[PDB]
file start36.cif (mmCIF, N, CA and C atoms)
data_model
loop_
_atom_site.label_atom_id
_atom_site.label_comp_id
_atom_site.auth_asym_id
_atom_site.auth_seq_id
_atom_site.Cartn_x
_atom_site.Cartn_y
_atom_site.Cartn_z
N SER A 2 0.84 -1.19 0.00
CA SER A 2 0.00 0.00 0.00
C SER A 2 0.87 1.24 0.00
N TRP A 3 0.26 2.42 -0.14
CA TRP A 3 1.04 3.65 -0.06
C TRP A 3 1.65 3.81 1.33
N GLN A 4 0.88 3.52 2.39
CA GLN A 4 1.40 3.77 3.73
C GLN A 4 2.45 2.75 4.15
N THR A 5 2.35 1.49 3.71
CA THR A 5 3.45 0.58 3.99
C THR A 5 4.71 1.00 3.24
N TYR A 6 4.57 1.41 1.98
CA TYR A 6 5.72 1.95 1.25
C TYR A 6 6.32 3.14 1.99
N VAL A 7 5.48 4.03 2.51
CA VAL A 7 5.99 5.19 3.25
C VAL A 7 6.69 4.73 4.52
N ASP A 8 6.06 3.82 5.27
CA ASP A 8 6.67 3.40 6.53
C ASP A 8 7.96 2.62 6.31
N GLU A 9 8.06 1.90 5.20
CA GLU A 9 9.16 0.99 4.90
C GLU A 9 10.31 1.66 4.16
N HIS A 10 10.00 2.40 3.08
CA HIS A 10 11.03 2.92 2.19
C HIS A 10 11.44 4.36 2.47
N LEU A 11 10.74 5.07 3.35
CA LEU A 11 11.02 6.49 3.53
C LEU A 11 11.18 6.89 4.99
N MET A 12 10.21 6.58 5.85
CA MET A 12 10.17 7.17 7.19
C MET A 12 11.01 6.37 8.19
N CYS A 13 11.40 7.03 9.30
CA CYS A 13 12.21 6.40 10.35
C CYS A 13 11.67 5.01 10.63
N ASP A 14 12.55 4.01 10.55
CA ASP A 14 12.13 2.61 10.59
C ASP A 14 12.73 1.88 11.78
N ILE A 15 12.49 2.39 12.99
CA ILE A 15 13.10 1.85 14.20
C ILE A 15 12.36 0.57 14.61
N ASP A 16 13.12 -0.41 15.12
CA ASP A 16 12.61 -1.75 15.39
C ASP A 16 11.34 -1.72 16.23
N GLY A 17 10.54 -2.77 16.08
CA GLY A 17 9.15 -2.76 16.51
C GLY A 17 8.27 -3.80 15.84
N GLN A 18 8.22 -3.83 14.51
CA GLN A 18 8.87 -2.83 13.66
C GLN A 18 7.94 -1.65 13.43
N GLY A 19 8.46 -0.46 13.67
CA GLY A 19 7.65 0.74 13.63
C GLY A 19 7.05 1.07 14.99
N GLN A 20 7.82 0.85 16.05
CA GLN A 20 7.35 1.19 17.38
C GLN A 20 7.11 2.69 17.47
N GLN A 21 6.14 3.07 18.31
CA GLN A 21 5.60 4.42 18.31
C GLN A 21 6.60 5.49 18.75
N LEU A 22 7.82 5.09 19.11
CA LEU A 22 8.76 6.03 19.73
C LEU A 22 9.47 6.96 18.75
N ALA A 23 9.47 6.65 17.46
CA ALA A 23 10.15 7.46 16.45
C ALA A 23 9.19 7.72 15.31
N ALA A 24 9.20 8.94 14.78
CA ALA A 24 8.28 9.29 13.70
C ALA A 24 8.93 10.32 12.79
N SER A 25 8.51 10.33 11.53
CA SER A 25 9.11 11.27 10.59
C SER A 25 8.07 11.68 9.56
N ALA A 26 8.38 12.75 8.84
CA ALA A 26 7.44 13.27 7.86
C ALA A 26 8.19 14.10 6.83
N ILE A 27 7.59 14.21 5.65
CA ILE A 27 8.00 15.14 4.62
C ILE A 27 6.86 16.13 4.43
N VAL A 28 7.13 17.41 4.66
CA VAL A 28 6.11 18.46 4.70
C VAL A 28 6.52 19.57 3.75
N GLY A 29 5.62 19.96 2.84
CA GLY A 29 5.94 21.05 1.95
C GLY A 29 6.21 22.34 2.70
N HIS A 30 6.98 23.23 2.06
CA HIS A 30 7.18 24.56 2.64
C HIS A 30 5.85 25.23 2.95
N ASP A 31 4.79 24.86 2.23
CA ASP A 31 3.47 25.44 2.42
C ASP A 31 2.64 24.74 3.50
N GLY A 32 3.19 23.74 4.18
CA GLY A 32 2.48 23.07 5.25
C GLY A 32 1.71 21.82 4.86
N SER A 33 1.67 21.47 3.58
CA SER A 33 0.99 20.25 3.15
C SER A 33 1.85 19.03 3.47
N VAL A 34 1.19 17.94 3.84
CA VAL A 34 1.88 16.69 4.15
C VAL A 34 2.13 15.92 2.86
N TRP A 35 3.40 15.65 2.55
CA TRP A 35 3.69 14.83 1.38
C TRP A 35 3.73 13.35 1.75
N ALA A 36 4.20 13.04 2.95
CA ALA A 36 4.31 11.67 3.43
C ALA A 36 4.55 11.76 4.93
N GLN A 37 3.94 10.88 5.71
CA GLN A 37 4.29 10.86 7.12
C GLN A 37 4.19 9.45 7.67
N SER A 38 4.99 9.16 8.69
CA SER A 38 4.89 7.86 9.34
C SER A 38 3.56 7.75 10.06
N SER A 39 3.09 6.50 10.22
CA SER A 39 1.78 6.25 10.79
C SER A 39 1.63 6.87 12.17
N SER A 40 2.73 7.06 12.90
CA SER A 40 2.68 7.63 14.24
C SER A 40 2.94 9.13 14.28
N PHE A 41 3.16 9.78 13.13
CA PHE A 41 3.57 11.18 13.15
C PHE A 41 2.42 12.07 13.62
N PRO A 42 2.70 13.10 14.43
CA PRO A 42 1.61 13.92 14.97
C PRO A 42 0.96 14.84 13.95
N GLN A 43 -0.32 15.13 14.17
CA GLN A 43 -0.93 16.26 13.49
C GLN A 43 -0.30 17.54 14.00
N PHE A 44 -0.12 18.51 13.11
CA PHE A 44 0.54 19.76 13.44
C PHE A 44 -0.27 20.93 12.90
N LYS A 45 0.03 22.10 13.39
CA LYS A 45 -0.74 23.26 12.98
C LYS A 45 -0.01 24.04 11.90
N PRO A 46 -0.77 24.68 11.01
CA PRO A 46 -0.16 25.50 9.94
C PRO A 46 0.85 26.54 10.41
N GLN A 47 0.57 27.25 11.51
CA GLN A 47 1.47 28.31 11.95
C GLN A 47 2.72 27.76 12.62
N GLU A 48 2.71 26.50 13.02
CA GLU A 48 3.95 25.88 13.48
C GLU A 48 4.93 25.74 12.32
N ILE A 49 4.42 25.42 11.13
CA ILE A 49 5.29 25.38 9.96
C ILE A 49 5.78 26.78 9.60
N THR A 50 4.91 27.78 9.70
CA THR A 50 5.32 29.14 9.39
C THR A 50 6.47 29.59 10.29
N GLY A 51 6.38 29.28 11.58
CA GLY A 51 7.45 29.67 12.49
C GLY A 51 8.75 28.94 12.21
N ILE A 52 8.66 27.67 11.84
CA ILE A 52 9.85 26.89 11.48
C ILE A 52 10.51 27.46 10.22
N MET A 53 9.71 27.76 9.19
CA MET A 53 10.28 28.36 7.99
C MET A 53 10.98 29.67 8.31
N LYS A 54 10.42 30.44 9.24
CA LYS A 54 11.04 31.70 9.64
C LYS A 54 12.38 31.47 10.34
N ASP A 55 12.46 30.43 11.16
CA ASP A 55 13.71 30.10 11.85
C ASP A 55 14.79 29.63 10.88
N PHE A 56 14.41 29.00 9.76
CA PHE A 56 15.42 28.71 8.74
C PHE A 56 15.95 30.00 8.11
N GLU A 57 15.11 31.03 7.97
CA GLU A 57 15.60 32.29 7.43
C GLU A 57 16.42 33.06 8.46
N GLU A 58 15.95 33.08 9.71
CA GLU A 58 16.65 33.73 10.82
C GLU A 58 16.89 32.77 11.97
N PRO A 59 18.02 32.06 11.96
CA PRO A 59 18.27 31.06 13.00
C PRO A 59 18.16 31.68 14.38
N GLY A 60 17.51 30.96 15.29
CA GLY A 60 17.24 31.46 16.62
C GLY A 60 15.95 32.22 16.76
N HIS A 61 15.18 32.37 15.67
CA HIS A 61 13.89 33.04 15.75
C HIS A 61 13.01 32.41 16.81
N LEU A 62 13.00 31.08 16.90
CA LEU A 62 12.14 30.36 17.82
C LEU A 62 12.75 30.14 19.19
N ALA A 63 14.00 30.51 19.40
CA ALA A 63 14.66 30.16 20.66
C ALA A 63 13.99 30.79 21.87
N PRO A 64 13.64 32.08 21.88
CA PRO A 64 13.02 32.63 23.10
C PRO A 64 11.69 31.98 23.46
N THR A 65 10.86 31.66 22.46
CA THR A 65 9.54 31.08 22.69
C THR A 65 9.55 29.56 22.76
N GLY A 66 10.60 28.92 22.26
CA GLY A 66 10.54 27.49 22.01
C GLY A 66 9.98 27.19 20.63
N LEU A 67 10.29 26.00 20.15
CA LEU A 67 9.75 25.49 18.89
C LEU A 67 8.58 24.57 19.19
N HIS A 68 7.44 24.81 18.56
CA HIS A 68 6.27 23.99 18.79
C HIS A 68 5.94 23.14 17.58
N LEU A 69 5.57 21.89 17.84
CA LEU A 69 5.11 21.01 16.77
C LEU A 69 4.06 20.11 17.39
N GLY A 70 2.86 20.11 16.81
CA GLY A 70 1.78 19.38 17.44
C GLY A 70 1.49 19.85 18.85
N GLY A 71 1.70 21.14 19.10
CA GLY A 71 1.50 21.70 20.41
C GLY A 71 2.60 21.42 21.40
N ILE A 72 3.52 20.51 21.10
CA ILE A 72 4.61 20.18 22.01
C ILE A 72 5.70 21.24 21.91
N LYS A 73 6.23 21.67 23.05
CA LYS A 73 7.27 22.68 23.09
C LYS A 73 8.63 22.00 23.18
N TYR A 74 9.53 22.36 22.26
CA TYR A 74 10.91 21.88 22.27
C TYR A 74 11.85 23.05 22.51
N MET A 75 12.89 22.81 23.30
CA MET A 75 13.93 23.80 23.48
C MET A 75 14.85 23.77 22.27
N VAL A 76 15.01 24.92 21.62
CA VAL A 76 15.89 25.00 20.47
C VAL A 76 17.34 24.84 20.91
N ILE A 77 18.10 24.01 20.17
CA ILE A 77 19.53 23.89 20.46
C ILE A 77 20.31 24.21 19.20
N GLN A 78 21.63 24.06 19.25
CA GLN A 78 22.48 24.38 18.11
C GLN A 78 22.13 23.52 16.90
N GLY A 79 21.90 24.18 15.77
CA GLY A 79 21.64 23.50 14.52
C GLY A 79 22.60 23.94 13.44
N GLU A 80 22.17 23.88 12.19
CA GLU A 80 22.99 24.34 11.07
C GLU A 80 22.20 25.42 10.34
N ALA A 81 22.71 26.65 10.37
CA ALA A 81 21.95 27.83 9.94
C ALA A 81 21.37 27.66 8.54
N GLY A 82 20.05 27.83 8.42
CA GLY A 82 19.39 27.70 7.14
C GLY A 82 19.25 26.29 6.60
N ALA A 83 19.72 25.27 7.32
CA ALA A 83 19.70 23.90 6.83
C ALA A 83 19.05 22.92 7.80
N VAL A 84 19.33 23.03 9.09
CA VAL A 84 18.88 22.05 10.07
C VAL A 84 18.50 22.77 11.36
N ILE A 85 17.34 22.43 11.91
CA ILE A 85 16.90 22.90 13.21
C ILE A 85 16.86 21.69 14.13
N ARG A 86 17.31 21.88 15.36
CA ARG A 86 17.32 20.83 16.37
C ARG A 86 16.66 21.34 17.63
N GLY A 87 15.89 20.48 18.28
CA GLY A 87 15.26 20.82 19.54
C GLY A 87 15.23 19.62 20.45
N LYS A 88 15.13 19.88 21.75
CA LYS A 88 15.14 18.83 22.75
C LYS A 88 13.90 18.92 23.63
N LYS A 89 13.41 17.76 24.04
CA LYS A 89 12.25 17.68 24.92
C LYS A 89 12.34 16.38 25.70
N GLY A 90 12.39 16.48 27.03
CA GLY A 90 12.41 15.27 27.84
C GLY A 90 13.55 14.35 27.44
N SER A 91 13.22 13.09 27.17
CA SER A 91 14.21 12.09 26.80
C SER A 91 14.51 12.06 25.30
N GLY A 92 14.00 13.00 24.53
CA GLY A 92 14.16 12.97 23.09
C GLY A 92 14.18 14.36 22.50
N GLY A 93 13.70 14.47 21.27
CA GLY A 93 13.74 15.77 20.62
C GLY A 93 13.22 15.70 19.20
N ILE A 94 13.66 16.67 18.41
CA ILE A 94 13.15 16.89 17.06
C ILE A 94 14.31 17.38 16.20
N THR A 95 14.35 16.91 14.96
CA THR A 95 15.32 17.38 13.97
C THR A 95 14.56 17.70 12.69
N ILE A 96 14.84 18.87 12.10
CA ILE A 96 14.13 19.30 10.90
C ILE A 96 15.17 19.71 9.87
N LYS A 97 15.11 19.12 8.68
CA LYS A 97 16.04 19.47 7.61
C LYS A 97 15.28 20.12 6.47
N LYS A 98 15.78 21.26 5.99
CA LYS A 98 15.12 21.98 4.90
C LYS A 98 15.65 21.53 3.55
N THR A 99 14.75 21.26 2.61
CA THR A 99 15.15 20.97 1.24
C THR A 99 14.65 22.08 0.32
N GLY A 100 14.73 21.85 -1.00
CA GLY A 100 14.32 22.87 -1.95
C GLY A 100 12.85 23.25 -1.83
N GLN A 101 11.97 22.26 -1.68
CA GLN A 101 10.53 22.49 -1.65
C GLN A 101 9.85 21.96 -0.40
N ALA A 102 10.59 21.32 0.50
CA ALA A 102 9.96 20.59 1.58
C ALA A 102 10.83 20.65 2.82
N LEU A 103 10.28 20.12 3.92
CA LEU A 103 10.97 19.95 5.19
C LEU A 103 10.89 18.49 5.60
N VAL A 104 11.99 17.96 6.14
CA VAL A 104 12.01 16.59 6.61
C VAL A 104 12.06 16.63 8.13
N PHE A 105 11.05 16.06 8.78
CA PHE A 105 10.97 16.04 10.24
C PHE A 105 11.34 14.67 10.77
N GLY A 106 12.04 14.64 11.90
CA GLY A 106 12.10 13.43 12.67
C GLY A 106 11.92 13.74 14.14
N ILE A 107 11.10 12.95 14.82
CA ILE A 107 10.80 13.11 16.24
C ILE A 107 11.15 11.81 16.93
N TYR A 108 11.92 11.89 18.02
CA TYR A 108 12.46 10.68 18.64
C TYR A 108 12.34 10.77 20.15
N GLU A 109 12.25 9.62 20.80
CA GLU A 109 12.31 9.55 22.25
C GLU A 109 13.12 8.32 22.64
N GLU A 110 13.68 8.35 23.85
CA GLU A 110 14.42 7.21 24.38
C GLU A 110 13.53 5.97 24.28
N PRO A 111 14.09 4.84 23.84
CA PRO A 111 15.50 4.56 23.55
C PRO A 111 16.01 4.92 22.15
N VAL A 112 15.18 5.50 21.28
CA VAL A 112 15.70 5.97 20.00
C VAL A 112 16.67 7.11 20.25
N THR A 113 17.82 7.04 19.64
CA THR A 113 18.88 8.02 19.87
C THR A 113 18.80 9.15 18.86
N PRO A 114 19.37 10.31 19.20
CA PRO A 114 19.51 11.38 18.20
C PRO A 114 20.19 10.92 16.92
N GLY A 115 21.26 10.13 17.03
CA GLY A 115 21.97 9.69 15.83
C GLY A 115 21.13 8.83 14.92
N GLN A 116 20.24 8.01 15.50
CA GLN A 116 19.40 7.14 14.68
C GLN A 116 18.44 7.95 13.83
N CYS A 117 17.67 8.81 14.50
CA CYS A 117 16.73 9.70 13.86
C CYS A 117 17.43 10.58 12.83
N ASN A 118 18.52 11.23 13.25
CA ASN A 118 19.24 12.16 12.38
C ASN A 118 19.74 11.48 11.11
N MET A 119 20.16 10.22 11.20
CA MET A 119 20.61 9.54 10.00
C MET A 119 19.48 9.40 8.98
N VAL A 120 18.27 9.12 9.46
CA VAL A 120 17.13 9.03 8.56
C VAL A 120 16.78 10.40 8.00
N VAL A 121 16.76 11.43 8.85
CA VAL A 121 16.41 12.76 8.36
C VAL A 121 17.41 13.24 7.32
N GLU A 122 18.70 13.01 7.56
CA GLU A 122 19.71 13.39 6.57
C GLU A 122 19.53 12.60 5.28
N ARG A 123 19.23 11.31 5.41
CA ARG A 123 19.06 10.46 4.24
C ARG A 123 17.90 10.95 3.38
N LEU A 124 16.75 11.20 4.00
CA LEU A 124 15.58 11.64 3.23
C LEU A 124 15.80 13.02 2.64
N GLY A 125 16.41 13.92 3.40
CA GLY A 125 16.65 15.26 2.89
C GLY A 125 17.57 15.26 1.69
N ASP A 126 18.66 14.48 1.75
CA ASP A 126 19.56 14.39 0.61
C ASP A 126 18.86 13.78 -0.60
N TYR A 127 18.04 12.75 -0.37
CA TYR A 127 17.26 12.15 -1.46
C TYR A 127 16.37 13.18 -2.14
N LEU A 128 15.67 13.99 -1.35
CA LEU A 128 14.82 15.02 -1.94
C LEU A 128 15.64 16.07 -2.68
N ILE A 129 16.72 16.54 -2.06
CA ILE A 129 17.56 17.58 -2.66
C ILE A 129 18.15 17.09 -3.98
N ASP A 130 18.55 15.82 -4.03
CA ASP A 130 19.14 15.30 -5.25
C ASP A 130 18.11 15.01 -6.34
N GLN A 131 16.82 14.86 -5.99
CA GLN A 131 15.76 14.82 -6.99
C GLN A 131 15.34 16.20 -7.45
N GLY A 132 15.92 17.26 -6.91
CA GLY A 132 15.49 18.61 -7.23
C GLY A 132 14.35 19.13 -6.38
N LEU A 133 14.09 18.50 -5.24
CA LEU A 133 12.98 18.90 -4.38
C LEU A 133 13.50 19.42 -3.03
#

call {"tool": "encode", "arguments": {"input": "start36.cif", "output": "structure tokens"}}
result
Amino acid sequence: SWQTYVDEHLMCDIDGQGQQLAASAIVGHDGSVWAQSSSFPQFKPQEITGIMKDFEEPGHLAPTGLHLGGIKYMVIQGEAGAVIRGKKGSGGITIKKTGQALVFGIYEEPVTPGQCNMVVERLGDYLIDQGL
């Protein structure tokens, strides 16, 4: 199906298989969902607007926190205009910007930052190399 293909060939695939602890998504710059893991949260349009703004001005979200699905993440050091990172509890969030889209990964213990980040980098490079 489309969603098994998404869960298998694209989104964070942490053992379970697909245990609820890790989730990822590809979201257009305009806030439309291109693909998301079965566990990925619903999010609000203005959360995407604020994230896009932080890619233009890194640290835009730091005083208020970064919100996704209503959850507040503390902004940490990222890569200006390319990657946003945030922490919450035992996990966090990584967002990579591509030409037309954003790649999200959300993780919690025992999923590690490195595990999630490897998937987010992989999907972002795949999109960028397709021209997206």

call {"tool": "closest_residue", "arguments": {"input": "start36.cif", "among": "A:58, A:123, A:51, A:40", "to": "residue 24 (chain A)", "atoms": "only N, CA and C atoms"}}
result
A:40

call {"tool": "residues_near_point", "arguments": {"input": "start36.cif", "point": "(8.8, 20.5, 10.7)", "cutoff": "7 Å", "atoms": "only N, CA and C atoms", "output": "ChimeraX atom specification"}}
result
/A:28,48-49,52,95-97,103-106

call {"tool": "write_last_selection", "arguments": {"input": "start36.cif", "atoms": "N, CA and C atoms", "output": "tab-separated table (two decimals), keeping the file's coordinate frame"}}
result
chain	number	residue	atom	x	y	z
A	28	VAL	N	7.13	17.41	4.66
A	28	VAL	CA	6.11	18.46	4.70
A	28	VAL	C	6.52	19.57	3.75
A	48	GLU	N	2.71	26.50	13.02
A	48	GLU	CA	3.95	25.88	13.48
A	48	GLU	C	4.93	25.74	12.32
A	49	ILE	N	4.42	25.42	11.13
A	49	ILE	CA	5.29	25.38	9.96
A	49	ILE	C	5.78	26.78	9.60
A	52	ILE	N	8.66	27.67	11.84
A	52	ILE	CA	9.85	26.89	11.48
A	52	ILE	C	10.51	27.46	10.22
A	95	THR	N	14.35	16.91	14.96
A	95	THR	CA	15.32	17.38	13.97
A	95	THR	C	14.56	17.70	12.69
A	96	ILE	N	14.84	18.87	12.10
A	96	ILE	CA	14.13	19.30	10.90
A	96	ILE	C	15.17	19.71	9.87
A	97	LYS	N	15.11	19.12	8.68
A	97	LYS	CA	16.04	19.47	7.61
A	97	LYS	C	15.28	20.12	6.47
A	103	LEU	N	10.28	20.12	3.92
A	103	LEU	CA	10.97	19.95	5.19
A	103	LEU	C	10.89	18.49	5.60
A	104	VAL	N	11.99	17.96	6.14
A	104	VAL	CA	12.01	16.59	6.61
A	104	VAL	C	12.06	16.63	8.13
A	105	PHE	N	11.05	16.06	8.78
A	105	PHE	CA	10.97	16.04	10.24
A	105	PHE	C	11.34	14.67	10.77
A	106	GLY	N	12.04	14.64	11.90
A	106	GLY	CA	12.10	13.43	12.67
A	106	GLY	C	11.92	13.74	14.14

call {"tool": "resolve_selection", "arguments": {"input": "start36.cif", "expression": "the PyMOL selection byres ((chain A and resi 38) around 8)", "output": "list in words"}}
result
residues 4, 7, 8, 9, 11, 12, 13, 23, 24, 25, 26, 27, 36, 37, 39, 40, 41 and 42 of chain A

call {"tool": "closest_residue", "arguments": {"input": "start36.cif", "among": "A:125, A:111, A:87, A:70", "to": "residue 15 (chain A)", "atoms": "only C-alpha atoms"}}
result
A:111

call {"tool": "atom_distance", "arguments": {"input": "start36.cif", "atom1": "CA of residue 19 (chain A)", "atom2": "CA of residue 110 (chain A)"}}
result
14.3 Å

call {"tool": "closest_atom_pairs", "arguments": {"input": "start36.cif", "of": "region 19-69 of chain A", "to": "region 74-79 of chain A", "cutoff": "6 Å", "atoms": "all atoms listed in the file", "output": "tab-separated table"}}
result
residue	atom	partner	partner_atom	distance
A:63	CA	A:76	CA	5.3
A:66	CA	A:74	C	4.7
A:67	C	A:74	N	3.9
A:68	N	A:74	N	4.9
A:69	N	A:74	N	6.0

call {"tool": "closest_residue", "arguments": {"input": "start36.cif", "among": "A:10, A:43, A:83, A:50", "to": "residue 120 (chain A)", "atoms": "only C-alpha atoms"}}
result
A:10

call {"tool": "atom_distance", "arguments": {"input": "start36.cif", "atom1": "CA of residue 109 (chain A)", "atom2": "CA of residue 121 (chain A)"}}
result
14.8 Å

call {"tool": "residues_around", "arguments": {"input": "start36.cif", "residues": "residue 59 (chain A)", "least_positions_apart": "6", "cutoff": "9 Å", "atoms": "only C-alpha atoms", "output": "JSON, numbers by chain"}}
result
{"A": [79, 80, 81, 82, 85]}

call {"tool": "write_last_selection", "arguments": {"input": "start36.cif", "atoms": "N, CA and C atoms", "output": "mmCIF file, keeping the file's coordinate frame"}}
result
data_model
loop_
_atom_site.group_PDB
_atom_site.id
_atom_site.type_symbol
_atom_site.label_atom_id
_atom_site.label_comp_id
_atom_site.auth_asym_id
_atom_site.auth_seq_id
_atom_site.Cartn_x
_atom_site.Cartn_y
_atom_site.Cartn_z
ATOM 1 N N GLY A 79 21.900 24.180 15.770
ATOM 2 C CA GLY A 79 21.640 23.500 14.520
ATOM 3 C C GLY A 79 22.600 23.940 13.440
ATOM 4 N N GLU A 80 22.170 23.880 12.190
ATOM 5 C CA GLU A 80 22.990 24.340 11.070
ATOM 6 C C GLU A 80 22.200 25.420 10.340
ATOM 7 N N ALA A 81 22.710 26.650 10.370
ATOM 8 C CA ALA A 81 21.950 27.830 9.940
ATOM 9 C C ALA A 81 21.370 27.660 8.540
ATOM 10 N N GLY A 82 20.050 27.830 8.420
ATOM 11 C CA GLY A 82 19.390 27.700 7.140
ATOM 12 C C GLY A 82 19.250 26.290 6.600
ATOM 13 N N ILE A 85 17.340 22.430 11.910
ATOM 14 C CA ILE A 85 16.900 22.900 13.210
ATOM 15 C C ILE A 85 16.860 21.690 14.130
#

call {"tool": "closest_residue", "arguments": {"input": "start36.cif", "among": "A:94, A:5, A:30, A:99", "to": "residue 112 (chain A)", "atoms": "only C-alpha atoms"}}
result
A:94

call {"tool": "atom_distance", "arguments": {"input": "start36.cif", "atom1": "CA of residue 107 (chain A)", "atom2": "CA of residue 122 (chain A)"}}
result
13.2 Å

call {"tool": "select_by_dssp", "arguments": {"input": "start36.cif", "residues": "chain A", "states": "alpha helix (DSSP H)", "output": "compact mmCIF listing (two decimals) with N, CA and C atoms, keeping the file's coordinate frame"}}
result
# COMPACT_ATOMS: atom_id res chain seq x y z
N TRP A 3 0.26 2.42 -0.14
CA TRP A 3 1.04 3.65 -0.06
C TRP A 3 1.65 3.81 1.33
N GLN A 4 0.88 3.52 2.39
CA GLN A 4 1.40 3.77 3.73
C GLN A 4 2.45 2.75 4.15
N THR A 5 2.35 1.49 3.71
CA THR A 5 3.45 0.58 3.99
C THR A 5 4.71 1.00 3.24
N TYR A 6 4.57 1.41 1.98
CA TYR A 6 5.72 1.95 1.25
C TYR A 6 6.32 3.14 1.99
N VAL A 7 5.48 4.03 2.51
CA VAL A 7 5.99 5.19 3.25
C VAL A 7 6.69 4.73 4.52
N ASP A 8 6.06 3.82 5.27
CA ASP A 8 6.67 3.40 6.53
C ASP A 8 7.96 2.62 6.31
N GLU A 9 8.06 1.90 5.20
CA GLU A 9 9.16 0.99 4.90
C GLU A 9 10.31 1.66 4.16
N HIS A 10 10.00 2.40 3.08
CA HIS A 10 11.03 2.92 2.19
C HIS A 10 11.44 4.36 2.47
N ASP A 16 13.12 -0.41 15.12
CA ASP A 16 12.61 -1.75 15.39
C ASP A 16 11.34 -1.72 16.23
N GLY A 17 10.54 -2.77 16.08
CA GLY A 17 9.15 -2.76 16.51
C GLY A 17 8.27 -3.80 15.84
N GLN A 18 8.22 -3.83 14.51
CA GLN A 18 8.87 -2.83 13.66
C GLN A 18 7.94 -1.65 13.43
N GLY A 19 8.46 -0.46 13.67
CA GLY A 19 7.65 0.74 13.63
C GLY A 19 7.05 1.07 14.99
N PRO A 46 -0.77 24.68 11.01
CA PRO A 46 -0.16 25.50 9.94
C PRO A 46 0.85 26.54 10.41
N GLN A 47 0.57 27.25 11.51
CA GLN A 47 1.47 28.31 11.95
C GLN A 47 2.72 27.76 12.62
N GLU A 48 2.71 26.50 13.02
CA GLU A 48 3.95 25.88 13.48
C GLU A 48 4.93 25.74 12.32
N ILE A 49 4.42 25.42 11.13
CA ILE A 49 5.29 25.38 9.96
C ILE A 49 5.78 26.78 9.60
N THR A 50 4.91 27.78 9.70
CA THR A 50 5.32 29.14 9.39
C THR A 50 6.47 29.59 10.29
N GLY A 51 6.38 29.28 11.58
CA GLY A 51 7.45 29.67 12.49
C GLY A 51 8.75 28.94 12.21
N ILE A 52 8.66 27.67 11.84
CA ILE A 52 9.85 26.89 11.48
C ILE A 52 10.51 27.46 10.22
N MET A 53 9.71 27.76 9.19
CA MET A 53 10.28 28.36 7.99
C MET A 53 10.98 29.67 8.31
N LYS A 54 10.42 30.44 9.24
CA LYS A 54 11.04 31.70 9.64
C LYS A 54 12.38 31.47 10.34
N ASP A 55 12.46 30.43 11.16
CA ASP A 55 13.71 30.10 11.85
C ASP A 55 14.79 29.63 10.88
N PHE A 56 14.41 29.00 9.76
CA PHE A 56 15.42 28.71 8.74
C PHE A 56 15.95 30.00 8.11
N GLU A 57 15.11 31.03 7.97
CA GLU A 57 15.60 32.29 7.43
C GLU A 57 16.42 33.06 8.46
N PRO A 114 19.37 10.31 19.20
CA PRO A 114 19.51 11.38 18.20
C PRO A 114 20.19 10.92 16.92
N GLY A 115 21.26 10.13 17.03
CA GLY A 115 21.97 9.69 15.83
C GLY A 115 21.13 8.83 14.92
N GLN A 116 20.24 8.01 15.50
CA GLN A 116 19.40 7.14 14.68
C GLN A 116 18.44 7.95 13.83
N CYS A 117 17.67 8.81 14.50
CA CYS A 117 16.73 9.70 13.86
C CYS A 117 17.43 10.58 12.83
N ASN A 118 18.52 11.23 13.25
CA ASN A 118 19.24 12.16 12.38
C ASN A 118 19.74 11.48 11.11
N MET A 119 20.16 10.22 11.20
CA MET A 119 20.61 9.54 10.00
C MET A 119 19.48 9.40 8.98
N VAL A 120 18.27 9.12 9.46
CA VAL A 120 17.13 9.03 8.56
C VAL A 120 16.78 10.40 8.00
N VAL A 121 16.76 11.43 8.85
CA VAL A 121 16.41 12.76 8.36
C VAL A 121 17.41 13.24 7.32
N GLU A 122 18.70 13.01 7.56
CA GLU A 122 19.71 13.39 6.57
C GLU A 122 19.53 12.60 5.28
N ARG A 123 19.23 11.31 5.41
CA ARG A 123 19.06 10.46 4.24
C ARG A 123 17.90 10.95 3.38
N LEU A 124 16.75 11.20 4.00
CA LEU A 124 15.58 11.64 3.23
C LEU A 124 15.80 13.02 2.64
N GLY A 125 16.41 13.92 3.40
CA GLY A 125 16.65 15.26 2.89
C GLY A 125 17.57 15.26 1.69
N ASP A 126 18.66 14.48 1.75
CA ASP A 126 19.56 14.39 0.61
C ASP A 126 18.86 13.78 -0.60
N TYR A 127 18.04 12.75 -0.37
CA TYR A 127 17.26 12.15 -1.46
C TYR A 127 16.37 13.18 -2.14
N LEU A 128 15.67 13.99 -1.35
CA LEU A 128 14.82 15.02 -1.94
C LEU A 128 15.64 16.07 -2.68
N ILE A 129 16.72 16.54 -2.06
CA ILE A 129 17.56 17.58 -2.66
C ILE A 129 18.15 17.09 -3.98
N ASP A 130 18.55 15.82 -4.03
CA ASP A 130 19.14 15.30 -5.25
C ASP A 130 18.11 15.01 -6.34

call {"tool": "closest_residue", "arguments": {"input": "start36.cif", "among": "A:84, A:101, A:116, A:126", "to": "residue 56 (chain A)", "atoms": "all atoms listed in the file"}}
result
A:84

call {"tool": "closest_residue", "arguments": {"input": "start36.cif", "among": "A:114, A:71, A:119, A:6", "to": "residue 91 (chain A)", "atoms": "all atoms listed in the file"}}
result
A:114

call {"tool": "select_by_dssp", "arguments": {"input": "start36.cif", "residues": "region 67-103 of chain A", "states": "strand (DSSP E or B)", "output": "list in words"}}
result
residues 67, 68, 69, 72, 73, 74, 75, 76, 77, 78, 79, 80, 84, 85, 86, 87, 88, 89, 92, 93, 94, 95, 96, 97, 98, 102 and 103 of chain A

call {"tool": "axis_aligned_box", "arguments": {"input": "start36.cif", "around": "region 104-115 of chain A", "padding_each_side": "8 Å", "output": "lines of an AutoDock Vina configuration file"}}
result
center_x = 16.4
center_y = 11.3
center_z = 15.3
size_x = 27.2
size_y = 29.4
size_z = 34.2
